[PDB]
Ligand SMILES: Cc1cc2nc3c(=O)[nH]c(=O)nc-3n(C[C@H](O)[C@H](O)[C@H](O)COP(=O)(O)O)c2cc1C
Ligand SMILES: Cc1c(-c2ccc(-c3ccccc3)cc2)nc2cnccc2c1C(=O)O
Ligand SMILES: O=C(O)c1cc(=O)[nH]c(=O)[nH]1
């Protein structure tokens, strides 16, 4: 069943379809609940900032950009779902092809360019299931919403504020995405996050989400220091670490390795894990981190948890392994936690800094 997807059904779909087309079909299948069938280990439960997560494996932003398949993503086994990026006004993104497969590297390059249905459409989609989500979140399945700016946009801070106001009420956490491959200084990021956090605080208590920043793996050491400073200063709720990389590590073998765009998957794994490690030390383990980048196995997840991530996201591994990947990562993560003498996931967060 997991062997069937990895060895036969998934390679066949890839052989028959352009990646963006296959992305669209995946979303359709998931939206209709056409999914295969592991559940409910108490070791895997984690309570980040008080909110409780049933397992720590979520679907990264970008797969369900417009909130069309949220329920089917929970049905796949994910412990939380993140949708987006959503831009305020609708925009078409970049011309096609804009998604490229690097199978020799177990990697993807994409330059979607924030194709977004827009805040209004996503709002209605989320409003159509708002009370369903309330009960889901209560039973350990929270929802996150990832916000972008429009490309023709004038005030970037205004775009993120609109997102906070329109979609903040529907979200358990919000993500200010400032790390798309397709900002000036520390004082500029302080001005943006201060506006975002102010709009957030103006929402009613039961509609007041956590606010996380999502950062690139391509930051200089000074950028990471600056983010860490502003994050602790302004009381940002967390970090998502990392987005895709505009770097092109050596030894990438795919023919399409020189396409412009963000590289995801295995070649990002350890670069992503080292940024977690770095951001966790700079914030004294005081800020929750969702680790994302190249994760496709228990060991990939545990390395990021030991590095300081309280939760992990994946995306690219789903395009190779199919929906069975979620069960696989969960099953392995529980086995290695035991093996290594951890009581649960919470016992392991940051365990590498002792
Ligand atoms: C095709 C594609 C589209 C993506 N779109 C977004 C996006 O809209 N917003 C965002 O914050 N990240 C986006 N991402 C990045 C993922 O959220 C994730 O950070 C990145 O792919 C690294 O994870 P992975 O190697 O497990 O896929 C996208 C990634 C891919 C591959
Ligand atoms: C194969 C695939 C998938 C994919 C295809 C099918 C399924 C699936 C979902 C539910 C049931 C059975 C299969 C999931 C993901 N997504 C993608 C998403 N974004 C970019 C690229 C891709 C690709 C790709 O061409 O590399
Ligand atoms: O083009 C996009 O929509 C996009 C791609 C990506 O890799 N990361 C991101 O934040 N946005």
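Residue numbering for chain A follows Swiss-Prot, covering 33-69, 72-216, 223-394 in order.
Any Cβ shown, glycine's included, is placed from N, Cα and C.
As given in Swiss-Prot:
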type: ACT_SITE; residues: 214; note: active site, nucleophile
type: BINDING; residues: 95, 96, 97, 98, 99, 119, 180, 211, 254, 282, 305, 334, 355, 356; note: FMN binding site
type: BINDING; residues: 99, 144, 145, 146, 147, 148, 211, 212, 213, 214, 215, 216, 283, 284; note: substrate binding site
Fewest C-beta neighbours within 10 angstroms among the binding-site residues 99, 145, 254 belongs to 145
Whole-number Å distance separating the Cα atoms of residue 283 (substrate binding site) and residue 254 (FMN binding site) is 7
Residue 180 (FMN binding site) falls, by three-state DSSP, under strand
Cα of residue 99 (FMN binding site) to Cα of residue 145 (substrate binding site), in Å and rounded, measures 14
For residue 97 (FMN binding site) and residue 213 (substrate binding site), the CA-to-CA distance in whole Å is 16
Listed in sequence order, the residues of the same chain lying six or more positions from residue 305 (FMN binding site) whose CB sits under 8 Å from its CB are 136, 139, 140, 141, 142, 334, 356, 357
Distance in Å between the CA atoms of residue 216 and residue 223, with 6 residues left unmodelled in between, is 13
Candidates 97, 145, 147, 213, 254, 355 (binding-site residues) with CB under 6 Å from ligand 1, in sequence order, are 254, 355
